[PDB]
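In what follows, a structure is listed as structure tokens, so that the remarks can point back to it.
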Amino acid sequence: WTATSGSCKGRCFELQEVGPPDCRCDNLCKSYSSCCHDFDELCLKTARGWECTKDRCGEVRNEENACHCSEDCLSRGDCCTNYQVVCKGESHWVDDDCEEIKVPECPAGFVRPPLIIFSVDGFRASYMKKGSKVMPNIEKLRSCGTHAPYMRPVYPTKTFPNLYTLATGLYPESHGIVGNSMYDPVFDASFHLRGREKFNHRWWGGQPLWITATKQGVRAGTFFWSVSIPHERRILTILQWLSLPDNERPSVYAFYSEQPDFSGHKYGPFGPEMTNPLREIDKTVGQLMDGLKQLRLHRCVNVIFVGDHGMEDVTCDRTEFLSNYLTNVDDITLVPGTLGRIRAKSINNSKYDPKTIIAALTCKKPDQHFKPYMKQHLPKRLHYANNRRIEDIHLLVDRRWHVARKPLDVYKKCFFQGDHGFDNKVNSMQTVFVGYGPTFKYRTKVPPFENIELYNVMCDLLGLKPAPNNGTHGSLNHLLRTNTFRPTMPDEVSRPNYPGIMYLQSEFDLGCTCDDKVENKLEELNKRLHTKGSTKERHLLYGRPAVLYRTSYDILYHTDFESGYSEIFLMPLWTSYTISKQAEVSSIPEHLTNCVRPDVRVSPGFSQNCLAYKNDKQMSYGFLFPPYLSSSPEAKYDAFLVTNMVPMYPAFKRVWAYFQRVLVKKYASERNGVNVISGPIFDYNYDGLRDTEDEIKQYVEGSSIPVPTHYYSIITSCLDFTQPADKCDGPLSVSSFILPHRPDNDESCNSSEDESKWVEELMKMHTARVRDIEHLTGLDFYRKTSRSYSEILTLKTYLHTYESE
Ligand SMILES: *[C@@H]1O[C@H](CO)[C@@H](O[C@@H]2O[C@H](CO)[C@@H](O[C@@H]3O[C@H](CO[C@H]4O[C@H](CO)[C@@H](O)[C@H](O[C@H]5O[C@H](CO)[C@@H](O)[C@H](O)[C@@H]5O[C@H]5O[C@H](CO)[C@@H](O)[C@H](O)[C@@H]5O)[C@@H]4O)[C@@H](O)[C@H](O[C@H]4O[C@H](CO)[C@@H](O)[C@H](O)[C@@H]4O[C@H]4O[C@H](CO)[C@@H](O)[C@H](O)[C@@H]4O)[C@@H]3O)[C@H](O)[C@H]2NC(C)=O)[C@H](O)[C@H]1NC(C)=O
Ligand SMILES: [Ca+2]
Ligand SMILES: [Ca+2]
Ligand SMILES: [K+]
Ligand code: NA
Ligand SMILES: [Zn+2]
């Protein structure tokens, strides 16, 4: 109930909302059917439109007009935004040459440069180039300020998840806005684009920018705008708020536009109809900037121009139907379109089986335009598992396609020509970033970055302490002129042991054998030095990874590789080796095929044993340092140490062996050497974070050898590929992956073929940031380089995407 009988007299666009039954006058009142009776009349005036004209200059104040051109407007804070240009002969902001803003030039009473975030829905990255000719205001922001070629959204590339991510710095699995449509089973309640359930606060987790500011004494403009408030009115309202008294005036503001998403859905991303909405957004930017110029705030405010996601060509004829795969299509509920989320229709149907749904959806048709995944098997880069609102079964839809349950869902809902929601590495999904202002750099291009990183920057811009989030604070310091955040490296928590030779061969009863009984003071001292770390400078190029949790581990040196060996997990946490451009690849000699050797530095009690692998009919083993890349027949023996072995399913070994035998050498040839760090990951609860021992769900049969859920590799070289990786003076280049350790290759529909036709494709899908691996392992990499820490943080957030230009 709303007593709509009160008035908005002197309260239009009030910041502090009022509580029912009292009627509202804030910028969401329309959305709630709660505005006082006179809100339209008073707060949504449109008379005479939005632009001063020569004749109106100096007019008598008619309170009825949408904006004013009368002499006193600048003092009331309510002039039309072109007032000074039309009436007072000033130039539009966009006609002004750009001049570096070295310092904020703010009116008296301003305690910090305000921030205005100008958000645009569905603003695909390539519009900056393709629409350049019709967006002069945005082009000026872009060219004069700081911009990225693109900004990467989060998955799913839908509006609500992305805007909330921008506002929180969190992945959707952590803020809880996991799609535009959702069912939460604990609440037993559904979130929809339409209607009122979406307004309950229990859906929206984390702490968004406007709460962060208020909690720390920084006032905020409201970030949500009811759809029916026209853009011109939104801009005028922001400008009005900027003329409030110091003690009342917000320091952070946001504008939202539904375009160009709205027209993109109708016409596709580059439909001829798309030019006009681009034109209209640009004009809105111009109004804002002219208005700031009128207020003498154009060299005071930081402005961010940012999109939530891009847009792809999608038509109703590119739809796959689950009725063409499933016998029991009525037994499931699908969240449809550019992603799929499946669960049972009835929690009382005990004949529901995910296993059979997944099998029926896997590689059943040659051209299949989606792939099914149990959510924990999704690429870790998606961070899309750890929320009860995310259904166990997920469909990753090919770009340009939809999935639906039955044909009838499409035509009893071709209408539309664009959509979005696909894999966030897809080129069409990429969106935009521009920063303009005294705190941003001048005429600066930065590399692409992920939208999770902006919350921290927005906090830096306002002098706020960010709430805990998924950004890496400091990784975007290169965008900023000032207010940079200077973190320290995290402290190492566990120091390693450095064991020497402590065990005789006969103390080991592991059930392992090796044909190695083949016996020189020249090379006997040499091998000693290798075991004491003499080649470590070669193989450990950026220092040892630091262990950020309490544990017991040993550093093991070898000729060709260095490792950090866990006494708890009985295998390495990390193995580090460097392969030059000139390295030769060799085979595992016939005589050593099944060779496994006791490590006389590591107790039998803290070692794996071969008998467990023999008795586990499902599980095999591989090596972290690859015996194929041994520097000499003699050094190859190090590679068969029990301390280099890890559990591997035979299906996985196909992947791993191709990686090790072919791809590492390929990268070394292409990148002029590479440094490789590889290791296990355990993430049985699919939270993105290192498991403790008690979370481990699977062990090699009859033993305490835990089974990894994934294997990672970090592959580093010199960004200037004229310098060898092991003698690099400057910035580094990285590519990494987190490969799922699965007992089959059902993910790869071409896996019956030779590994050259499908392995690298898999690996590319499971590309990762170094930071993803750090979260997953409790390790901190690149501790000892000659580069600044912020530069290293940027490197750790890098994702090698494998998309074209
Ligand atoms: C990305 O960044 C984020 C933010 O830093 C990282 O997420 C954090 O990770 C922490 C560890 O995973 C997690 O810590 C837990 O917090 C519990 C208290 O949490 C509540 O309060 C905070 C503060 O106000 C709030 O942020 C939380 O918000 C979550 O939950 C509400 C719903 O109630 C949601 O609306 C909201 O979106 C958010 O959900 C997300 O997180 C929850 C888990 O919190 C997930 O389940 C969701 O799927 C979703 O992702 C909460 O309201 C705290 O109680 C936990 O403490 C346990 O563990 C300690 C270990 O020392 C132990 O000593 C305690 O005893 C305790 O265990 C007891 O409870 C267990 C469960 O019943 C039980 O098993 C035990 O037996 C014990 O009884 C824990 O510390 C932190 O809350 C989130 N924060 C956020 C915002 O998500 C995230 O990891 C980053 N991602 C990556 C990949 O790095
Ligand atoms: Ca959107
Ligand atoms: Ca975990
Ligand atoms: K076996
Ligand atoms: Na397969
Ligand atoms: Zn859309």
Side-chain angles (χ1 to χ4, degrees), residues 50-54 56-57 67-69 71 73-75 77-108 110 112-118 120 123 127-129 131-148 231-232 234-236 238-243 253 255 257 278-306 432-446 461 479-482:
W50 311 115
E51 308 183 325
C52 289
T53 37
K54 293 156 171 171
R56 286 189 62 181
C57 299
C67 47
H68 309 286
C69 314
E71 197 58 28
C73 73
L74 290 155
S75 333
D78 64 8
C79 311
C80 303
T81 63
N82 69 346
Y83 168 60
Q84 296 216 148
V85 174
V86 175
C87 301
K88 307 265 175 286
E90 259 286 359
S91 51
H92 285 286
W93 173 85
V94 68
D95 298 306
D96 302 332
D97 290 343
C98 75
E99 307 283 309
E100 185 171 10
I101 306 158
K102 300 201 174 161
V103 300
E105 305 175 4
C106 292
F110 280 77
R112 57 187 78 81
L115 175 66
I116 291 173
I117 307 146
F118 191 108
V120 280
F123 202 102
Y127 290 154
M128 291 304 296
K129 184 149 283 141
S132 59
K133 280 32 167 64
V134 307
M135 297 188 308
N137 283 275
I138 292 161
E139 196 39 61
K140 184 187 160 169
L141 290 176
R142 182 194 74 69
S143 72
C144 299
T146 301
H147 80 284
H231 292 188
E232 297 88 349
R234 302 186 195 180
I235 296 311
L236 287 160
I238 294 170
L239 295 169
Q240 196 66 62
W241 289 334
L242 284 158
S243 306
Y253 305 81
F255 173 89
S257 161
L278 293 176
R279 281 195 193 285
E280 287 311 292
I281 299 168
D282 196 69
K283 178 175 178 155
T284 301
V285 175
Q287 290 173 354
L288 170 63
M289 298 312 294
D290 296 345
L292 294 175
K293 187 184 184 192
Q294 304 211 131
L295 302 191
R296 316 184 277 102
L297 287 168
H298 67 305
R299 302 176 50 92
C300 173
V301 166
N302 291 299
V303 178
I304 289 171
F305 182 88
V306 61
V432 295
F433 175 84
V434 174
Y436 179 93
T439 316
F440 288 109
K441 298 189 171 175
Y442 175 66
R443 303 183 172 289
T444 295
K445 183 173 54 201
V446 298
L461 295 165
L479 277 55
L480 311 170
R481 172 184 298 276
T482 67

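Nothing fancy with the numbering, it's 1 onward along the sequence.
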Does [X] use its side chain to pair, donor to acceptor, with the backbone of [Y] at less than 3.5 Å?
X: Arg299; Y: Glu99; answer: yes
X: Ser243; Y: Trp241; answer: no
X: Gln294; Y: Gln84; answer: yes
X: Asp282; Y: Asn137; answer: yes
X: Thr81; Y: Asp290; answer: no

What about the rings of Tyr83 and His68, do their centers lie closer together than 6.0 Å?
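Aromatic pair excluded; centres sit 6.0 Å or further apart.
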Do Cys57 and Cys87 have their SG atoms under 2.5 angstrom apart?
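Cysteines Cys57 and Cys87 qualify as a disulfide pair, their SG atoms being under 2.5 Å apart.
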Does the SG of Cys69 lie under 2.5 Å from the SG of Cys80?
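No disulfide here.
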If you count heavy atoms of other groups shown closer than 6.0 angstrom to [atom1] of [X], is the number above 12?
X: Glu71; atom1: CD; answer: no
X: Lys88; atom1: NZ; answer: yes
X: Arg443; atom1: CZ; answer: yes

Hey, what do you get for [atom1] ([X]) to [atom2] ([Y]), rounding to the nearest 0.5 Å?
X: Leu288; Y: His231; atom1: CG; atom2: NE2; answer: 13.0 Å
X: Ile238; Y: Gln287; atom1: CD1; atom2: CD; answer: 11.5 Å
X: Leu239; Y: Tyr253; atom1: CG; atom2: OH; answer: 9.5 Å
X: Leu297; Y: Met289; atom1: CG; atom2: CE; answer: 10.0 Å
X: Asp97; Y: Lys140; atom1: CG; atom2: NZ; answer: 7.5 Å
X: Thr482; Y: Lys102; atom1: OG1; atom2: NZ; answer: 14.0 Å

Apply the side-chain contact (heavy atoms from CB on, under 4.5 Å) test between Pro114 and each candidate in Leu461, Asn302, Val303, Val301; give the one that qualifies.
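It is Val301; the other options fail the test.
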Using side-chain contact (heavy atoms from CB on, under 4.5 Å) as the criterion, point out the one residue from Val285, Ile281, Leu278 that pairs with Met135.
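Of the listed options, the one satisfying the test is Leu278.
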Validation row: [X], [Y] side chains within 4.5 angstrom (heavy atoms):
X: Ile235; Y: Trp50; value: no
X: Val432; Y: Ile138; value: no
X: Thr439; Y: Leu115; value: no
X: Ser91; Y: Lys293; value: yes
X: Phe440; Y: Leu480; value: yes

One pair to check against side-chain contact (heavy atoms from CB on, under 4.5 Å): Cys67 and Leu236. What are the steps and the verdict?
CA-CA 8 Å; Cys67 47; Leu236 287 160; 4.3 Å; yes
Shortest non-hydrogen contact between [X] and [Y], atoms and distance:
X: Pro107; Y: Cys300; answer: CD-SG, 4.4 Å
X: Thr146; Y: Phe433; answer: O-CE2, 4.1 Å
X: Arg56; Y: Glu51; answer: NH1-O, 4.2 Å

Pairing of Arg142 and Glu139 as salt bridge, 4.0 angstrom limit
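Looking at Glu139 together with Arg142, the answer is yes, because their closest N to O distance falls below 4.0 Å.
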Parallel, tilted or perpendicular: which one describes the rings of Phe118 and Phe305, with boundaries at 30° and 60°?
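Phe118 vs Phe305 ring planes: parallel.
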